[PDB]
file work_38.cif (mmCIF, C-alpha atoms)
data_upload
loop_
_atom_site.label_atom_id
_atom_site.label_comp_id
_atom_site.auth_asym_id
_atom_site.auth_seq_id
_atom_site.Cartn_x
_atom_site.Cartn_y
_atom_site.Cartn_z
CA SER A 738 -7.49 -9.40 68.31
CA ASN A 739 -4.54 -8.59 66.07
CA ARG A 740 -2.75 -11.69 67.38
CA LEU A 741 -4.75 -13.78 64.90
CA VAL A 742 -3.56 -11.60 62.02
CA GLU A 743 0.05 -11.49 63.23
CA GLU A 744 0.36 -15.16 64.21
CA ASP A 745 -1.40 -16.34 61.02
CA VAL A 746 -3.91 -18.26 63.12
CA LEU A 747 -6.74 -17.69 60.61
CA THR A 748 -5.24 -17.35 57.13
CA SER A 749 -5.97 -19.40 54.04
CA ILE A 750 -4.01 -20.10 50.86
CA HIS A 751 -6.27 -19.51 47.86
CA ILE A 752 -5.41 -20.64 44.33
CA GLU A 753 -7.05 -19.63 41.05
CA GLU A 754 -6.49 -20.90 37.52
CA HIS A 755 -6.70 -18.90 34.30
CA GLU A 756 -7.17 -20.87 31.07
CA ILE A 757 -6.33 -19.22 27.76
CA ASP A 758 -6.19 -20.83 24.33
CA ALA A 759 -4.76 -19.78 20.97
CA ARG A 760 -6.83 -21.28 18.16
CA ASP A 761 -6.85 -21.29 14.38
CA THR A 762 -8.78 -18.51 12.66
CA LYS A 763 -9.47 -17.35 9.11
CA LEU A 764 -7.20 -14.39 9.90
CA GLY A 765 -4.37 -16.89 10.44
CA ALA A 766 -3.02 -18.02 13.80
CA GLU A 767 -2.88 -16.46 17.26
CA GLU A 768 0.60 -16.56 18.76
CA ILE A 769 1.63 -16.94 22.40
CA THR A 770 4.45 -14.43 22.01
CA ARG A 771 6.03 -11.35 23.56
CA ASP A 772 5.46 -9.31 20.37
CA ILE A 773 2.74 -7.42 22.23
CA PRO A 774 1.91 -4.01 20.68
CA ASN A 775 2.15 -0.70 22.55
CA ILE A 776 3.28 -1.93 25.96
CA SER A 777 5.84 -0.57 28.41
CA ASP A 778 8.83 -2.47 29.84
CA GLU A 779 8.36 -2.43 33.62
CA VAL A 780 5.35 -4.67 32.95
CA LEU A 781 7.41 -6.77 30.51
CA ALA A 782 10.08 -7.53 33.13
CA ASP A 783 8.34 -10.64 34.51
CA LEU A 784 7.67 -12.47 31.24
CA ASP A 785 9.83 -15.07 29.55
CA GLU A 786 10.59 -14.83 25.84
CA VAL B 149 18.12 -7.11 11.31
CA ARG B 150 17.72 -8.41 7.76
CA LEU B 151 14.42 -10.26 7.42
CA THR B 152 14.55 -13.78 6.01
CA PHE B 153 12.03 -16.42 4.96
CA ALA B 154 12.95 -19.78 3.42
CA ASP B 155 14.97 -18.68 0.38
CA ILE B 156 13.96 -15.00 0.14
CA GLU B 157 15.94 -12.44 2.14
CA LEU B 158 15.53 -8.69 2.59
CA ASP B 159 17.76 -5.85 3.76
CA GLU B 160 15.79 -2.97 5.25
CA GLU B 161 18.36 -0.36 4.18
CA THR B 162 18.86 -0.47 0.40
CA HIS B 163 15.54 -2.11 -0.53
CA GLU B 164 16.82 -5.13 -2.45
CA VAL B 165 16.00 -8.84 -2.30
CA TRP B 166 17.92 -12.08 -2.55
CA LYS B 167 16.04 -15.10 -3.91
CA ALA B 168 17.95 -18.27 -2.97
CA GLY B 169 21.11 -16.17 -2.81
CA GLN B 170 20.58 -14.46 -6.17
CA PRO B 171 20.05 -10.68 -6.01
CA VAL B 172 16.90 -9.51 -7.77
CA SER B 173 15.74 -6.03 -8.77
CA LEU B 174 12.07 -5.25 -8.18
CA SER B 175 9.59 -2.38 -8.37
CA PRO B 176 9.04 -0.08 -5.36
CA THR B 177 5.34 -0.68 -4.64
CA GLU B 178 5.81 -4.35 -5.51
CA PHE B 179 8.60 -4.30 -2.92
CA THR B 180 6.19 -2.80 -0.38
CA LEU B 181 3.82 -5.71 -1.04
CA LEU B 182 6.70 -8.11 -0.43
CA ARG B 183 7.56 -6.19 2.76
CA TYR B 184 4.00 -6.70 3.98
CA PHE B 185 4.24 -10.39 3.12
CA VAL B 186 7.45 -10.91 5.10
CA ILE B 187 6.38 -8.68 8.00
CA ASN B 188 3.28 -10.89 8.38
CA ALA B 189 4.81 -14.24 7.45
CA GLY B 190 2.57 -17.21 8.16
CA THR B 191 -0.50 -14.95 8.32
CA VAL B 192 -2.97 -14.80 5.44
CA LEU B 193 -3.19 -11.59 3.40
CA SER B 194 -6.52 -10.26 2.07
CA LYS B 195 -6.74 -7.69 -0.79
CA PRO B 196 -8.76 -5.09 1.26
CA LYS B 197 -6.50 -4.58 4.32
CA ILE B 198 -3.59 -4.95 1.91
CA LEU B 199 -5.11 -1.96 0.11
CA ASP B 200 -5.77 -0.25 3.45
CA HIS B 201 -2.26 -0.41 4.86
CA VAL B 202 0.19 -0.71 1.95
CA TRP B 203 -1.73 1.45 -0.48
CA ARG B 204 -3.00 4.97 0.04
CA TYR B 205 -6.60 5.31 1.19
CA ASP B 206 -7.28 7.51 -1.87
CA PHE B 207 -6.93 4.56 -4.27
CA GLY B 208 -9.87 4.72 -6.68
CA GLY B 209 -8.81 1.95 -9.04
CA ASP B 210 -10.16 -1.54 -9.59
CA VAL B 211 -9.19 -4.78 -7.83
CA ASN B 212 -7.16 -6.34 -10.67
CA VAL B 213 -4.11 -4.27 -9.70
CA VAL B 214 -3.32 -6.36 -6.61
CA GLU B 215 -3.85 -9.64 -8.47
CA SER B 216 -1.50 -8.46 -11.21
CA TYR B 217 1.07 -7.39 -8.63
CA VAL B 218 0.91 -10.84 -7.02
CA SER B 219 1.46 -12.23 -10.52
CA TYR B 220 4.63 -10.14 -10.77
CA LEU B 221 5.80 -11.42 -7.38
CA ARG B 222 5.21 -14.94 -8.70
CA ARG B 223 7.10 -14.43 -11.96
CA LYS B 224 9.99 -12.72 -10.17
CA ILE B 225 10.75 -15.11 -7.29
CA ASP B 226 8.24 -18.00 -7.15
CA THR B 227 8.23 -18.88 -10.84
CA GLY B 228 6.84 -22.34 -10.10
CA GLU B 229 3.11 -22.91 -10.53
CA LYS B 230 3.01 -24.15 -6.96
CA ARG B 231 4.59 -21.34 -4.98
CA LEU B 232 5.38 -20.23 -1.44
CA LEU B 233 2.96 -17.34 -1.99
CA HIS B 234 -0.31 -19.28 -1.79
CA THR B 235 -3.62 -17.68 -2.76
CA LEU B 236 -6.92 -18.02 -0.90
CA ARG B 237 -10.18 -17.64 -2.81
CA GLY B 238 -11.97 -14.59 -1.42
CA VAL B 239 -9.49 -14.33 1.45
CA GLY B 240 -6.46 -13.32 -0.60
CA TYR B 241 -2.88 -14.53 -0.30
CA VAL B 242 -0.31 -15.82 2.19
CA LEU B 243 3.45 -16.38 2.40
CA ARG B 244 4.05 -19.96 3.53
CA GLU B 245 6.37 -22.81 2.68
CA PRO B 246 4.12 -25.58 1.31
CA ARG B 247 3.70 -28.69 3.44
CA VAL C 149 39.63 10.94 12.27
CA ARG C 150 39.81 11.19 8.48
CA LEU C 151 36.73 9.69 6.81
CA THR C 152 37.54 6.93 4.33
CA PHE C 153 35.26 4.67 2.31
CA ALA C 154 36.49 2.29 -0.40
CA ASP C 155 38.60 4.69 -2.48
CA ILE C 156 37.28 8.06 -1.20
CA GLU C 157 39.28 9.90 1.47
CA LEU C 158 38.25 13.09 3.27
CA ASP C 159 39.86 15.28 5.93
CA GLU C 160 37.49 17.27 8.14
CA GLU C 161 40.06 20.01 8.84
CA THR C 162 40.98 21.49 5.44
CA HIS C 163 38.16 19.80 3.47
CA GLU C 164 40.35 18.27 0.75
CA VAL C 165 39.03 15.14 -0.97
CA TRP C 166 40.99 12.28 -2.53
CA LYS C 167 39.61 9.89 -5.15
CA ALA C 168 41.85 6.80 -5.32
CA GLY C 169 44.72 8.91 -3.98
CA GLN C 170 44.19 11.78 -6.46
CA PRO C 171 43.13 15.09 -4.89
CA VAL C 172 40.13 16.78 -6.50
CA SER C 173 38.66 20.25 -6.00
CA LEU C 174 35.06 20.20 -4.79
CA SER C 175 32.41 22.82 -4.05
CA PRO C 176 31.28 23.53 -0.46
CA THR C 177 27.65 22.44 -0.90
CA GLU C 178 28.75 19.28 -2.70
CA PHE C 179 31.35 18.90 0.07
CA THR C 180 28.54 18.84 2.64
CA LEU C 181 26.63 16.38 0.45
CA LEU C 182 29.68 14.10 0.27
CA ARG C 183 30.34 14.40 4.01
CA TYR C 184 26.75 13.40 4.78
CA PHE C 185 26.90 10.66 2.17
CA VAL C 186 29.94 9.01 3.76
CA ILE C 187 28.71 9.64 7.31
CA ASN C 188 25.61 7.58 6.43
CA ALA C 189 27.26 5.07 4.09
CA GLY C 190 25.28 1.86 3.88
CA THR C 191 21.94 3.68 4.26
CA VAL C 192 19.91 4.90 1.29
CA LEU C 193 19.54 8.68 1.07
CA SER C 194 16.30 10.06 -0.36
CA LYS C 195 15.79 13.71 -1.24
CA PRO C 196 13.40 14.88 1.55
CA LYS C 197 15.90 14.16 4.32
CA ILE C 198 18.63 15.67 2.12
CA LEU C 199 16.82 19.02 2.05
CA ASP C 200 15.80 18.53 5.68
CA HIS C 201 19.29 18.04 7.12
CA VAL C 202 21.99 19.11 4.65
CA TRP C 203 20.20 22.12 3.19
CA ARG C 204 18.45 25.00 4.93
CA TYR C 205 14.74 24.85 5.70
CA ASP C 206 14.05 28.12 3.84
CA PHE C 207 15.09 26.44 0.56
CA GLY C 208 12.32 27.27 -1.91
CA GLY C 209 13.91 26.00 -5.11
CA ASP C 210 12.97 23.06 -7.29
CA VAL C 211 14.05 19.44 -6.77
CA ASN C 212 16.28 19.40 -9.88
CA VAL C 213 19.05 21.40 -8.18
CA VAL C 214 20.11 18.53 -5.92
CA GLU C 215 19.95 16.34 -9.02
CA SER C 216 22.42 18.67 -10.74
CA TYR C 217 24.51 18.47 -7.56
CA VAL C 218 24.69 14.67 -7.65
CA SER C 219 25.43 15.04 -11.37
CA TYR C 220 28.54 17.09 -10.59
CA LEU C 221 29.46 14.51 -7.95
CA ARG C 222 29.11 11.83 -10.65
CA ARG C 223 31.37 13.69 -13.07
CA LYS C 224 33.78 14.51 -10.23
CA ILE C 225 34.77 11.14 -8.74
CA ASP C 226 32.74 8.18 -10.07
CA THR C 227 32.55 9.16 -13.73
CA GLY C 228 31.56 5.64 -14.80
CA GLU C 229 27.96 4.88 -15.76
CA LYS C 230 27.92 2.29 -13.00
CA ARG C 231 29.11 4.20 -9.94
CA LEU C 232 29.62 3.83 -6.21
CA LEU C 233 26.85 6.40 -5.58
CA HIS C 234 23.88 4.41 -6.92
CA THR C 235 20.35 5.74 -7.35
CA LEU C 236 16.93 4.44 -6.35
CA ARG C 237 13.70 5.51 -8.05
CA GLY C 238 11.80 7.61 -5.52
CA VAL C 239 14.25 6.87 -2.69
CA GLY C 240 17.11 9.06 -3.88
CA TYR C 241 20.70 7.83 -3.96
CA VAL C 242 23.12 5.71 -1.93
CA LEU C 243 26.92 5.21 -1.82
CA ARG C 244 27.96 1.57 -1.48
CA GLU C 245 30.40 -0.65 -3.33
CA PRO C 246 28.55 -2.54 -6.09
CA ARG C 247 28.11 -6.25 -5.46
CA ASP D 441 -22.69 -6.39 23.09
CA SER D 442 -19.51 -5.70 21.12
CA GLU D 443 -21.18 -3.13 18.86
CA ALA D 444 -22.11 -0.90 21.81
CA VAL D 445 -20.14 2.32 22.24
CA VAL D 446 -17.59 2.11 25.04
CA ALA D 447 -18.73 5.53 26.40
CA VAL D 448 -15.12 6.07 27.51
CA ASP D 449 -13.27 5.92 24.19
CA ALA D 450 -15.87 8.32 22.76
CA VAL D 451 -14.89 11.14 25.11
CA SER D 452 -11.25 10.25 24.47
CA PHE D 453 -11.83 10.58 20.72
CA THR D 454 -13.55 13.94 21.17
CA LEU D 455 -10.69 15.29 23.29
CA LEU D 456 -8.19 13.94 20.75
CA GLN D 457 -10.09 15.82 18.04
CA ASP D 458 -9.89 18.96 20.18
CA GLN D 459 -6.14 18.48 20.61
CA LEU D 460 -5.73 17.97 16.86
CA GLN D 461 -7.68 21.16 16.14
CA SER D 462 -5.52 23.12 18.59
CA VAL D 463 -2.31 21.70 17.11
CA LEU D 464 -3.39 22.44 13.54
CA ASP D 465 -4.52 25.97 14.43
CA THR D 466 -1.11 26.49 16.04
CA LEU D 467 0.42 25.65 12.66
CA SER D 468 0.06 28.00 9.69
CA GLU D 469 -3.39 28.06 8.11
CA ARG D 470 -2.24 26.95 4.64
CA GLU D 471 -0.44 23.92 6.10
CA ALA D 472 -3.40 23.11 8.35
CA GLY D 473 -5.84 23.15 5.44
CA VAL D 474 -3.44 21.18 3.26
CA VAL D 475 -3.08 18.36 5.78
CA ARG D 476 -6.76 18.51 6.78
CA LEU D 477 -7.92 17.85 3.23
CA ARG D 478 -4.95 15.53 2.66
CA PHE D 479 -6.23 13.14 5.33
CA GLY D 480 -9.91 14.04 4.85
CA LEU D 481 -10.63 15.41 8.32
CA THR D 482 -13.28 18.08 7.67
CA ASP D 483 -14.83 16.13 4.77
CA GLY D 484 -15.36 12.44 4.11
CA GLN D 485 -12.62 12.01 1.51
CA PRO D 486 -8.88 12.65 1.58
CA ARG D 487 -7.73 14.22 -1.68
CA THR D 488 -4.75 13.84 -3.99
CA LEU D 489 -2.23 16.61 -4.62
CA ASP D 490 -3.81 17.95 -7.82
CA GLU D 491 -7.01 18.75 -5.90
CA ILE D 492 -4.92 20.70 -3.40
CA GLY D 493 -3.32 22.59 -6.27
CA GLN D 494 -6.67 23.37 -7.87
CA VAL D 495 -8.00 24.67 -4.53
CA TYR D 496 -4.82 26.65 -3.72
CA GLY D 497 -3.54 27.58 -7.19
CA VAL D 498 -0.18 25.81 -6.85
CA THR D 499 1.65 22.92 -8.48
CA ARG D 500 1.67 19.45 -6.95
CA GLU D 501 5.39 19.68 -6.21
CA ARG D 502 4.72 22.75 -4.07
CA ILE D 503 2.09 20.76 -2.17
CA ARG D 504 4.62 17.98 -1.62
CA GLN D 505 7.03 20.59 -0.28
CA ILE D 506 4.46 22.13 2.06
CA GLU D 507 3.57 18.64 3.30
CA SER D 508 7.28 18.12 3.97
CA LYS D 509 7.20 21.38 5.93
CA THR D 510 4.14 20.13 7.83
CA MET D 511 5.50 16.87 9.14
CA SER D 512 8.88 18.53 9.72
CA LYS D 513 7.30 21.10 12.06
CA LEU D 514 5.06 18.34 13.45
CA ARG D 515 8.07 16.35 14.65
CA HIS D 516 8.76 19.25 17.03
CA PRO D 517 8.77 17.75 20.55
CA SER D 518 6.38 20.48 21.72
CA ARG D 519 3.66 18.80 19.65
CA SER D 520 5.26 15.34 19.75
CA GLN D 521 5.05 14.98 23.53
CA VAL D 522 1.64 16.63 23.83
CA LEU D 523 0.12 14.28 21.24
CA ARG D 524 2.08 11.04 21.72
CA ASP D 525 0.61 10.81 25.23
CA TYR D 526 -2.80 10.20 23.62
CA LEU D 527 -2.29 6.45 23.23
#
call {"tool": "encode", "arguments": {"input": "work_38.cif", "output": "structure tokens"}}
result
Amino acid sequence: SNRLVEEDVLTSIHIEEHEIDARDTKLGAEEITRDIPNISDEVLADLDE
Amino acid sequence: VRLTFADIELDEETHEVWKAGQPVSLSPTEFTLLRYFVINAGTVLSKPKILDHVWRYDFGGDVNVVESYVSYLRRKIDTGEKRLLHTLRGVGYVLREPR
Amino acid sequence: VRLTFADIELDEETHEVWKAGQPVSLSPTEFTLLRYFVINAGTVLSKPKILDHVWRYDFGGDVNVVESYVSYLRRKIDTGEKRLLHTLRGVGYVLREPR
Amino acid sequence: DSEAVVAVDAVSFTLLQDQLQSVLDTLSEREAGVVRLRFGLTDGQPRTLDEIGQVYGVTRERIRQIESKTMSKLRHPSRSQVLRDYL
């Protein structure tokens, strides 16, 4: 019945983790920065500097 | 909007440079090389992609031209034997304050 | 609304131009060149945008005519060898006070 | 396999080539040929101005002027919007 959906009787909180590493390279260094090429702004709204 | 690094400073409008506060006159293409160096500060520069982006793709000359141009950049601003414009063997050059 | 820069004064109504308070007579095409040159003071002006904006797009003449124009501007206001309207090799000319 | 063709960017490149051909054909034929051999589209090598002069019987300054005409007309928003989308 929809009561279970509405009353949150059977609902689970699920958490995932996403690792990402910037490492040294012969090309130089990879930067964790907002200087991201060719991107819009509505998708840049929710990022810190 | 002027782009600065250590003791070299650039104004994007009238294409001149200050070295430690002293204005310096420099050649146009040599200035484009310096513009590449500052626009990719801290990242190593290799002769090929330097040739690819800065220079026209029609360049049929030899490879000594870029080495000579780096020599001019050295004798103009980094006159010291050890210089902020370090060179990598087979990997080219880089703008970096020495540690 | 009169356009002033250093010692050059211009009135957009009757198109009279003053150099250090002295009125000078100036040609219409050179008047448009001077108006553009003040309106973009502090930014280098190279020839291609000069023919693009100031002059008509049907202009089929050589590139020496604008050089003669800036020559008459040189002999008109800044007659000195060092002048407010400086030149750049390959990037045309610019009007700024020398440093 | 990084070297494998994406099979999506290939069709995109072909349609971009079609758009470029349409845009160039919309321009005048002399300008289209000048820019085509200037950036080496139809052949493998872009060419310097003197080659353009030898193949069109003009001086290199005239080729610089026609190139100025080319990118001036190419900044027209009719082409600018229709091509800028392709990125």
call {"tool": "residues_around", "arguments": {"input": "work_38.cif", "residues": "residue 196 in chain B", "least_positions_apart": "6", "cutoff": "12 Å", "atoms": "only C-alpha atoms", "output": "ChimeraX atom specification"}}
result
/B:202-205,207,210-211,213-215,238-241
call {"tool": "interface_residues", "arguments": {"input": "work_38.cif", "of": "chain A", "to": "chain D", "cutoff": "12 Å", "atoms": "only C-alpha atoms", "output": "ChimeraX atom specification"}}
result
/A:774-777
call {"tool": "write_last_selection", "arguments": {"input": "work_38.cif", "atoms": "C-alpha atoms", "output": "mmCIF file, in the coordinates of the input"}}
result
data_model
loop_
_atom_site.group_PDB
_atom_site.id
_atom_site.type_symbol
_atom_site.label_atom_id
_atom_site.label_comp_id
_atom_site.auth_asym_id
_atom_site.auth_seq_id
_atom_site.Cartn_x
_atom_site.Cartn_y
_atom_site.Cartn_z
ATOM 1 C CA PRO A 774 1.910 -4.010 20.680
ATOM 2 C CA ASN A 775 2.150 -0.700 22.550
ATOM 3 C CA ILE A 776 3.280 -1.930 25.960
ATOM 4 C CA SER A 777 5.840 -0.570 28.410
#
call {"tool": "resolve_selection", "arguments": {"input": "work_38.cif", "expression": "the PyMOL selection byres ((chain D) within 9 of (chain C))", "output": "ChimeraX atom specification"}}
result
/D:501-502,505,508-509,512
call {"tool": "atom_distance", "arguments": {"input": "work_38.cif", "atom1": "CA of residue 188 in chain B", "atom2": "CA of residue 225 in chain B"}}
result
17.9 Å
call {"tool": "residues_around", "arguments": {"input": "work_38.cif", "residues": "residue 489 in chain D", "least_positions_apart": "4", "cutoff": "7 Å", "atoms": "all atoms listed in the file", "output": "ChimeraX atom specification"}}
result
/D:493,500,503
call {"tool": "residues_around", "arguments": {"input": "work_38.cif", "residues": "residue 216 in chain B", "least_positions_apart": "5", "cutoff": "12 Å", "atoms": "all atoms listed in the file", "output": "MDAnalysis selection string"}}
result
chainID B and resid 178 181 195 210:211 221:223
call {"tool": "resolve_selection", "arguments": {"input": "work_38.cif", "expression": "the PyMOL selection byres ((chain C) within 8 of (chain B))", "output": "PyMOL selection string"}}
result
chain C and resi 190-192+237+242
call {"tool": "resolve_selection", "arguments": {"input": "work_38.cif", "expression": "the PyMOL selection byres ((chain A) within 12 of (chain B))", "output": "PyMOL selection string"}}
result
chain A and resi 761-768
call {"tool": "atom_distance", "arguments": {"input": "work_38.cif", "atom1": "CA of residue 150 in chain C", "atom2": "CA of residue 149 in chain B"}}
result
28.5 Å
call {"tool": "atom_distance", "arguments": {"input": "work_38.cif", "atom1": "CA of residue 180 in chain B", "atom2": "CA of residue 155 in chain B"}}
result
18.2 Å
call {"tool": "axis_aligned_box", "arguments": {"input": "work_38.cif", "around": "range 226-233 of chain C", "padding_each_side": "5 Å", "output": "JSON"}}
result
{"center_x": 29.8, "center_y": 5.7, "center_z": -10.7, "size_x": 15.9, "size_y": 16.9, "size_z": 20.2}
call {"tool": "residues_near_point", "arguments": {"input": "work_38.cif", "point": "(19.4, -15.8, 5.3)", "cutoff": "12 Å", "atoms": "only C-alpha atoms", "output": "PyMOL selection string"}}
result
chain B and resi 149-159+165-170
call {"tool": "residues_around", "arguments": {"input": "work_38.cif", "residues": "residue 467 in chain D", "least_positions_apart": "6", "cutoff": "10 Å", "atoms": "all atoms listed in the file", "output": "list in words"}}
result
residues 461, 473, 510, 513 and 514 of chain D
